[PDB]
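This report concerns only the one structure given below.
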Amino acid sequence: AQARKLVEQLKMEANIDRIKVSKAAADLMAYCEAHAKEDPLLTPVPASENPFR
Amino acid sequence: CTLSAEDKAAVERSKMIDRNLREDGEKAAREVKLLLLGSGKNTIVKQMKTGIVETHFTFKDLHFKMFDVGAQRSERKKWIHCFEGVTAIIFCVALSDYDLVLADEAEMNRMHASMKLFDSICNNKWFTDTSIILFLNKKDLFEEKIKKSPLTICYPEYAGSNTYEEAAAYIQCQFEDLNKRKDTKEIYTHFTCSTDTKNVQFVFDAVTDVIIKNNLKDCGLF
Amino acid sequence: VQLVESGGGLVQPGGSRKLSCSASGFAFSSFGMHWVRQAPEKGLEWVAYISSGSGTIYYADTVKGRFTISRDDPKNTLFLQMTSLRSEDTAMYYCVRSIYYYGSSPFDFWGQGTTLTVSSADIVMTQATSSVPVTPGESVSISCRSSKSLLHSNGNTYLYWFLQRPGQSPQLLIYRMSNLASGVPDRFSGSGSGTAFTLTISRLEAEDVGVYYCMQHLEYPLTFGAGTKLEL
Amino acid sequence: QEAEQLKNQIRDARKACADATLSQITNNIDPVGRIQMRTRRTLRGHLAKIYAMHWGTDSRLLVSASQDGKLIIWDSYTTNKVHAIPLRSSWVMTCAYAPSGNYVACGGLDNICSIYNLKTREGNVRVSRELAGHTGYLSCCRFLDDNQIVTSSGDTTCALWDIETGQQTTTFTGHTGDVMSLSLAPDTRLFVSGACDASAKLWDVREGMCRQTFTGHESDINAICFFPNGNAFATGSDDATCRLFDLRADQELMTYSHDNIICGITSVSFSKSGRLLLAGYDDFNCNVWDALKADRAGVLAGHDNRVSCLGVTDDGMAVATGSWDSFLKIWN
Amino acid sequence: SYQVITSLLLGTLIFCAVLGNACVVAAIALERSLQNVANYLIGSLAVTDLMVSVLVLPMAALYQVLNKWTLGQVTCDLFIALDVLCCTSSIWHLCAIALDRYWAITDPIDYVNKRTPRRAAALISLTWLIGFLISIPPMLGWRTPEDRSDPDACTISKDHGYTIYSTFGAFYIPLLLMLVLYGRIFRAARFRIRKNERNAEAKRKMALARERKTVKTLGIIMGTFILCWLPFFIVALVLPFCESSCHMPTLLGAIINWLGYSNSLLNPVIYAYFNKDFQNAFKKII
Ligand SMILES: C/C=C\C/C=C\C/C=C/C/C=C/CCCC(=O)O[C@H](COC(=O)CCCCCCCCCCCCC)COP(=O)(O)O[C@H]1[C@H](O)[C@@H](O)[C@H](OP(=O)(O)O)[C@@H](O)[C@H]1O
Ligand SMILES: C[C@H](CCC(=O)NCC(=O)O)[C@H]1CC[C@H]2[C@@H]3[C@H](O)C[C@@H]4C[C@H](O)CC[C@]4(C)[C@H]3CC[C@]12C
Ligand SMILES: CC(C)CCC[C@@H](C)[C@H]1CC[C@H]2[C@@H]3CC=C4C[C@@H](O)CC[C@]4(C)[C@H]3CC[C@]12C
Ligand SMILES: CN(C)CCc1c[nH]c2ccc(O)cc12
């Protein structure tokens, strides 16, 4: 029966520790600021070092 | 000057690949691409010749490549658009299927489902200007069945003669009525399962008419 | 992949001989073709080049005009017409296949070659030592110098290193001064400045003995050094 | 009788975790501002509609797939075509570039994602292995290693394939609807997939079980991309909106949508820093979204038809985009 | 005062013609989605009209405004040659467009298989060759002593044989060919259009609408060309044989010549700007 499969799949309801959205957003912003200078699309690289110029 | 020997060789290779791609595109341009839907599909394919099935057949100095999209039970709203630009759509429906219910505790009638599919495809936004080559298959079985079981069971509101001609005409009219944009596109209807290659002749004639009408719609003469 | 050359033999001065190479096991049309000679007890020298589709054809100054190169893509064969052979032309020619695109390995495969017995702003490549005695298991270094900076404006140093073992055709080791050739031991390493380059072996093995050659691909007048012969 | 109570408990548990929205945290973040994106390289040669694009690891080689039965690998800097492979199935709808750059995969309305070996002694792109076994069209095939590739198919099943064996190592069948896009995490130990059921599920590669599910979208999800940090991913659907999901919170943090955008999203990608969301829309334009402040930092029109594919380089220096106009334009 | 008004009107006409031709050319140039065989012929016609507007019209404007020629015999000969060449090229361009449309309508197999831009290039080359053949004789011969006798008048060659040959090959043979081709197109369109009860009546209404539409665009195609050229060629064919009798009123001849020139203005009007694809491209770019 599909019920057994559904309950088996839903058994994953509480098998993982979770973190609040605030900490996830903090990690996202921390990663974004850490690599801010490593992303030429975010920080325009000088034309001398730009292969596409 | 600004490019080295390797750069020059790479540019030459790139332009050679561009020439090859353009040649392949030109070769593929002169191929008539047809969409097949359906219900006697196997018999139609046999008379014309787990993913998409592609068939190529040449008839009267013209190349046809037919794309049978059957066996794709997955939702077609995400891949129906892949067939833009097809010259025409071949739709196959079996006339004898008016007395079938597709099992499933008779939740639906096979003819009703076939016409629902026809309406959905005809009214689809990606085929607003695509002609449909409609085939009504299994005419002999349809006659043999109406000789005993009237089609009124499939069409409760149909009150008329049970002869083959009248029933076939009524079914064809019902199928054509599904066209909500009849002005933009036509529906070429044919009866099969009693005809030899001349089904290919009908397909060729419909494609020729579609091409001529498209050309006229360019100049403004049609 | 396999390249077999044909047409070798003894030709008197002033004669004309055509060398034909048969390509089997790889897409001949895709790859460009090169001819590199090797006079007996001498180094390598580029002869001529033909690109895919015959769009681009180049010849060395000493061979330009007399020797013409043609390709036959349908038959997967290469021809190098030779006219007015001179005493200097007595050398064995090795056919080489290269494909040009980022990440590619030009000169990755070399044929057995065909033996032939007859009778200006070009960058000069020089190697520090013609021969070096070595022992197995110990690190070995080979150095070479170029009269012009091989670092092209695009940022790629067109330095090529080759190893030709005794009784064998050259095998590519390094093609852009930093990248190891496919199917080569990781022991070989490549490093150098814009004009000084060195080929070093972390630990020598019995199969490493041979004559190492350097080449630049910055400009088509390719120049091959005298070579560095390693003896165990 | 049919696990009625289980559904509500998960909803309540996820609701209890909401403390502060992503918008509040990003208020103090200075705006990125208008990005002067301009087309630098233009790619052409496949006439039919382009459907898939993927960057290589070197950030210079990219692979594109078109409906004309051709997938083309391009030299990003010089625009030189390096390889052009004739596909036996011309309905290709996806393509990928192996991390080592040695293998390429592509799939379409057929039920196979042929594996193409770029590095061969014969020096031509020949079919290495055909990963047959799907019952529906292949939506996306992304490589894990030189021997393992994960495939997404319209039959609602994602399958891990061992190239050498040619058989499914692990089959994921938790999706009720067709799976449209496949996204691999930076570590490659887990991946997420989007489906037409307006939901995305977290899949663990080594064990083969769903770990999390996401259902914030209103319509079919078309594209997904993992956030560079690996703790979040973005989803694109027909809602004309894209959403950010975090694996450690199981909740949507913010949505990227505009009033004047009504058509669906066909592609999604992240910049190397993760501050920009490269989303391809059906209005022929690409909108750059500030991942933190959720604002349009730029617009790349670039095309005369629907944007069908796009991606950012590993170095994060340039972004490529393809469209049904049959052109790929690289921006910087 | 009259000269000022004439100059203003003619300058406006020339400027509008130049802008129209340039924008029509740019439509195909900037956007390649319009790069079709028929669109290629339309672009060639637009280029010819641009050449007409830029090269010969200003010289004619100087001729008409001052009522005299003040540029020299060499300039007069060059102007006559260029005008004849470009006008013949435009006429044969529209004729070739009609021929291509007829082939596409009546030969779908050739349209799908054997129709390529090479066909348009060959048609354009043939049209330019015909224009050169028409315009070269005055430079390589003819130009009788009576012709150009008046130093201040840049009269065109009036030799009987040359006049009849040029008029025929420039307007009459093209006119007959266009008439035959468009009659065949009319018959084909009628056949296609001709080929429950309420639905039948609706289909009859649609068929009648299509018949009216095809009657209209043909009437347009023939009437514009006739009103624009036929008077000019009729005059050019009658006056050489009517020197003794015909008075040749100045106003009538000038008006007829200006209608002939405005044929170049109306050709892009009739073909490119009107077209659905071209107007869509104009809307998108603008
Ligand atoms: C019998 C009783 C007595 C009455 C009888 C005597 C008088 C009867 C008069 C009849 C009217 C004649 C003109 C018809 C006007 C008209 O109805 O047009 C309407 C709007 O279009 C514009 O107006 C186009 C407006 C913009 C045009 C561009 C001009 C501006 C720029 C000029 C150049 C300078 C650039 C700045 C409706 O549009 P339409 O139906 O006329 O459009 C059709 C057109 O007529 C066909 O030619 C064309 O065929 P084609 O030759 O292949 O291209 C068709 O494709 C289609 O485009
Ligand atoms: C041939 C060109 C016209 C070029 C053209 O097609 N212009 C198009 C435009 O101006 O729109 C004209 C322009 C000025 C003309 C010259 C002067 O205006 C007038 C002058 C008159 C003398 O009798 C000798 C010829 C001479 C010296 C003319 C020769 C023809 C010229 C050089
Ligand atoms: C189809 C459209 C473009 C036609 C445009 C109308 C043209 C033919 C009109 C516009 C202004 C007109 C000119 C205005 C004034 C004069 C001066 C007169 O002494 C001779 C005729 C002449 C030179 C007219 C002839 C015809 C003319 C050129
Ligand atoms: C005077 N311009 C309007 C040129 C018109 C034209 C084109 N071809 C011709 C042939 C003979 C002729 O008398 C006149 C012309």
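Going by the structure tokens order, chains are called A, B, ..., each with residues numbered from 1, while ligands are numbered from 1 in the order shown.
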Spatial neighbours of residue 8 of chain C, 12 Å, only C-alpha atoms, chain gap at least 4 places, as a list in words
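The residues satisfying every condition are residues 4, 16, 17, 18, 19, 20, 21, 80, 82, 90, 91, 92, 93, 94, 112, 113, 114, 115, 116, 117 and 118 of chain C.
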Would you return as a ChimeraX atom specification the members of segment 51-191 of chain C that DSSP assigns to strand (DSSP E) on this structure's backbone?
/C:57-59,67-72,77-82,92-98,109-110,116-118,125-127,131-133,140-146,159-164,170-174,188-191
Chain B contacts to chain E at 12 Å (only C-alpha atoms) as a PyMOL selection string:
chain B and resi 26-33+59-64+87+169-170+172-174+176-177+179+182-184+186+188+204-222
Neighbours of residue 36 of chain C within 7 Å (only C-alpha atoms; same-chain residues fewer than 6 positions away dropped), as a ChimeraX atom specification?
/C:44-47,93-95
Kindly compile the residues surrounding ligand 3 within 8 Å, counting only C-alpha atoms and all ligand atoms, and format them as a list in words.
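My answer, listing the contacting residues, is residues 2, 3, 5, 6, 9, 10, 13, 64, 65, 228, 250, 251, 252, 254, 255, 256, 257, 258, 259, 260, 261, 262, 263, 265 and 266 of chain E.
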Find the residues in chain C near chain A: any atom within 12 Å counts, using only C-alpha atoms. Write them as a PyMOL selection string.
chain C and resi 153-155
Selection file, C-alpha atoms, as a compact mmCIF listing (two decimals), in the first residue's frame:
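Wrote it out as selection05.txt, contents follow:
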# COMPACT_ATOMS: atom_id res chain seq x y z
CA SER C 153 50.29 38.74 -24.15
CA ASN C 154 47.44 36.29 -23.48
CA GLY C 155 49.33 35.01 -20.41
Enumerate as a PDB file with C-alpha atoms, in the first residue's frame the residues belonging to chain C that approach chain D to within 9 Å, with only C-alpha atoms taken into account.
ATOM      1  CA  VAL C   1      46.033   6.418 -32.470  1.00  0.00           C
ATOM      2  CA  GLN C   2      48.810   5.471 -34.890  1.00  0.00           C
ATOM      3  CA  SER C  24      44.526   5.362 -38.447  1.00  0.00           C
ATOM      4  CA  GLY C  25      42.607   5.291 -35.182  1.00  0.00           C
ATOM      5  CA  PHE C  26      42.000   9.038 -34.891  1.00  0.00           C
ATOM      6  CA  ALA C  27      40.173  11.860 -36.651  1.00  0.00           C
ATOM      7  CA  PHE C  28      42.742  13.032 -39.201  1.00  0.00           C
ATOM      8  CA  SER C  30      40.316  17.448 -36.848  1.00  0.00           C
ATOM      9  CA  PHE C  31      44.066  17.427 -36.183  1.00  0.00           C
ATOM     10  CA  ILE C  99      44.770  20.105 -32.041  1.00  0.00           C
ATOM     11  CA  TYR C 100      44.454  23.752 -31.011  1.00  0.00           C
ATOM     12  CA  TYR C 101      41.946  24.805 -28.350  1.00  0.00           C
ATOM     13  CA  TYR C 102      42.123  25.788 -24.699  1.00  0.00           C
ATOM     14  CA  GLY C 103      43.118  22.799 -22.593  1.00  0.00           C
ATOM     15  CA  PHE C 109      51.465  12.131 -30.596  1.00  0.00           C
TER      16      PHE C 109
END
Contacts of ligand 2, 12 Å or closer, only C-alpha atoms and all ligand atoms, given as a PyMOL selection string:
chain E and resi 11+14-15+18+50-63+68-80+82-83+151-152
Just write the chosen residues, N, CA, C and O atoms, as a compact mmCIF listing (two decimals), in the first residue's frame.
# COMPACT_ATOMS: atom_id res chain seq x y z
N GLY E 11 12.42 69.18 -51.50
CA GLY E 11 13.34 68.78 -50.45
C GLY E 11 12.68 67.88 -49.43
O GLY E 11 13.27 66.91 -48.97
N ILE E 14 12.38 64.43 -51.07
CA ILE E 14 13.66 63.73 -51.14
C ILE E 14 14.08 63.25 -49.76
O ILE E 14 14.56 62.13 -49.59
N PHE E 15 13.92 64.10 -48.74
CA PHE E 15 14.30 63.73 -47.39
C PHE E 15 13.48 62.55 -46.89
O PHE E 15 14.02 61.60 -46.30
N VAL E 18 14.66 59.37 -48.69
CA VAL E 18 15.94 58.90 -48.19
C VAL E 18 15.77 58.24 -46.83
O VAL E 18 16.32 57.16 -46.57
N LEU E 50 17.04 53.98 -52.24
CA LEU E 50 17.95 54.89 -51.56
C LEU E 50 18.92 55.52 -52.54
O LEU E 50 19.21 56.72 -52.47
N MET E 51 19.46 54.71 -53.46
CA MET E 51 20.34 55.25 -54.49
C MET E 51 19.61 56.28 -55.34
O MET E 51 20.16 57.34 -55.66
N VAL E 52 18.37 55.98 -55.72
CA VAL E 52 17.57 56.94 -56.49
C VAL E 52 17.45 58.25 -55.71
O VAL E 52 17.68 59.34 -56.25
N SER E 53 17.09 58.16 -54.43
CA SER E 53 16.82 59.35 -53.64
C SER E 53 18.08 60.18 -53.43
O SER E 53 18.03 61.42 -53.46
N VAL E 54 19.22 59.53 -53.22
CA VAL E 54 20.43 60.25 -52.85
C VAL E 54 21.15 60.79 -54.08
O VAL E 54 21.64 61.93 -54.08
N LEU E 55 21.22 60.00 -55.15
CA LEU E 55 22.08 60.35 -56.28
C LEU E 55 21.37 61.26 -57.28
O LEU E 55 21.84 62.37 -57.56
N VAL E 56 20.24 60.81 -57.82
CA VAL E 56 19.69 61.46 -59.00
C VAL E 56 18.69 62.55 -58.62
O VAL E 56 18.61 63.59 -59.29
N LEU E 57 17.92 62.35 -57.55
CA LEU E 57 16.91 63.34 -57.19
C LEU E 57 17.49 64.73 -56.95
O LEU E 57 16.94 65.70 -57.51
N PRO E 58 18.55 64.91 -56.17
CA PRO E 58 19.08 66.28 -55.98
C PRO E 58 19.49 66.94 -57.29
O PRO E 58 19.26 68.14 -57.46
N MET E 59 20.08 66.18 -58.21
CA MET E 59 20.41 66.75 -59.52
C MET E 59 19.15 67.16 -60.27
O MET E 59 19.08 68.25 -60.84
N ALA E 60 18.13 66.29 -60.26
CA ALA E 60 16.86 66.65 -60.86
C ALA E 60 16.23 67.84 -60.16
O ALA E 60 15.62 68.70 -60.81
N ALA E 61 16.35 67.91 -58.83
CA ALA E 61 15.81 69.04 -58.09
C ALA E 61 16.47 70.34 -58.53
O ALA E 61 15.79 71.36 -58.72
N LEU E 62 17.80 70.33 -58.70
CA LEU E 62 18.48 71.51 -59.22
C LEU E 62 18.01 71.83 -60.63
O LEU E 62 17.84 73.00 -60.99
N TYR E 63 17.80 70.80 -61.45
CA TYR E 63 17.31 71.02 -62.81
C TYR E 63 15.93 71.66 -62.80
O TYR E 63 15.67 72.62 -63.53
N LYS E 68 16.71 75.11 -65.52
CA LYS E 68 17.86 75.06 -66.41
C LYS E 68 18.89 74.12 -65.81
O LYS E 68 18.84 73.79 -64.62
N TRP E 69 19.83 73.70 -66.65
CA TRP E 69 20.93 72.83 -66.23
C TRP E 69 22.19 73.67 -66.10
O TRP E 69 22.59 74.36 -67.04
N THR E 70 22.82 73.61 -64.92
CA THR E 70 23.99 74.40 -64.60
C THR E 70 25.08 73.52 -63.99
O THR E 70 25.69 73.85 -62.97
N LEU E 71 25.32 72.37 -64.61
CA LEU E 71 26.35 71.45 -64.14
C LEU E 71 27.26 70.91 -65.23
O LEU E 71 28.30 70.33 -64.90
N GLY E 72 26.91 71.05 -66.51
CA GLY E 72 27.77 70.61 -67.59
C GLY E 72 27.22 69.38 -68.30
O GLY E 72 26.38 68.64 -67.78
N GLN E 73 27.73 69.16 -69.52
CA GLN E 73 27.27 68.03 -70.32
C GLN E 73 27.65 66.70 -69.68
O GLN E 73 26.87 65.75 -69.71
N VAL E 74 28.86 66.61 -69.12
CA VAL E 74 29.28 65.37 -68.47
C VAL E 74 28.37 65.04 -67.30
O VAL E 74 27.93 63.90 -67.12
N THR E 75 28.07 66.05 -66.47
CA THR E 75 27.18 65.84 -65.34
C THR E 75 25.78 65.47 -65.81
O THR E 75 25.12 64.62 -65.19
N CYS E 76 25.31 66.09 -66.89
CA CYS E 76 23.99 65.75 -67.41
C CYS E 76 23.94 64.30 -67.87
O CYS E 76 22.98 63.58 -67.58
N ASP E 77 24.97 63.86 -68.60
CA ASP E 77 25.01 62.48 -69.06
C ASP E 77 25.06 61.51 -67.88
O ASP E 77 24.36 60.50 -67.87
N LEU E 78 25.88 61.82 -66.88
CA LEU E 78 25.96 60.97 -65.70
C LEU E 78 24.62 60.90 -64.99
O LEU E 78 24.18 59.82 -64.57
N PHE E 79 23.94 62.04 -64.84
CA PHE E 79 22.64 62.06 -64.18
C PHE E 79 21.62 61.23 -64.94
O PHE E 79 20.87 60.45 -64.34
N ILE E 80 21.58 61.38 -66.27
CA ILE E 80 20.63 60.61 -67.06
C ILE E 80 20.90 59.12 -66.91
O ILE E 80 19.99 58.31 -66.69
N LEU E 82 22.49 57.47 -64.49
CA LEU E 82 22.18 56.99 -63.15
C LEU E 82 20.67 56.90 -62.92
O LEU E 82 20.19 55.92 -62.35
N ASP E 83 19.92 57.91 -63.36
CA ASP E 83 18.48 57.89 -63.18
C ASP E 83 17.86 56.70 -63.90
O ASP E 83 17.07 55.94 -63.31
N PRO E 151 22.28 74.11 -74.57
CA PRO E 151 23.27 73.94 -73.49
C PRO E 151 22.66 73.89 -72.10
O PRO E 151 23.20 73.20 -71.23
N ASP E 152 21.56 74.60 -71.87
CA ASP E 152 20.97 74.70 -70.54
C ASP E 152 19.91 73.65 -70.27
O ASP E 152 19.34 73.63 -69.17
Find the spatial neighbours of residue 1 of chain B, counting only C-alpha atoms, within a cut-off of 12 Å - ignore same-chain residues fewer than 3 positions away - and output them as a list in words.
residues 4, 5, 7 and 8 of chain B; 152, 153, 154, 218 and 219 of chain C
